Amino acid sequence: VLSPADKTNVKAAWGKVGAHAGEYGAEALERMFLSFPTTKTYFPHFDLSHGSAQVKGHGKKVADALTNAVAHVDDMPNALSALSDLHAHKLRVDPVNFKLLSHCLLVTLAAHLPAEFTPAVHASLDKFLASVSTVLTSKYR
């Protein structure tokens, strides 16, 4: 569970992301495709080339969802219910892949928020992405 401290940490770092969310969403995907090539198996229908609009479009959607989760940090299960359904029933992504993206998201934030990416915030952001992943995977079986 996320503590008050964690909640403040996440609203704070995400706060800074602001308007670049979209772009950071795309970059996290690209990092993931390059470091964990097996994740590509879920986007056979995508142009995964550098600067692909499909990746850009997708990064934006992922970032919009995270932004939505932050806005409803006290009701994540409900705010993300629809996405939980989608992943469980249509996409059916193996649970292990959530940890891979999570990791690339952290690298992206670290690369862009030097001042805010403190040990304390790093810890809070990691617990956050793990909670997001848990919700997204809760209806798998």
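A residue's number is simply how far along the shown sequence it sits, counting from 1. So that the term is clear: the rigid core is the largest set of C-alpha atoms that superpose within 1.5 Å between two forms.
Taking 86 to 94 and 110 to 118 in turn, the stretch whose Cα atoms are more displaced from the shown form in 6 other deposited structures of this protein following rigid core superposition is 86 to 94.
Averaged over their C-alpha atoms, the temperature factors of 125 to 133 and 14 to 22 are higher for 14 to 22. Of the two segments examined, 52 to 60 and 94 to 102, it is 52 to 60 that shows the higher average Cα temperature factor in the deposited entry. Taking the PDB entry at face value, the top CA B factor among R31, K40, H45, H87 belongs to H45. Of the candidates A82, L66, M76, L109, it is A82 whose Cα B-factor is highest according to the PDB record.
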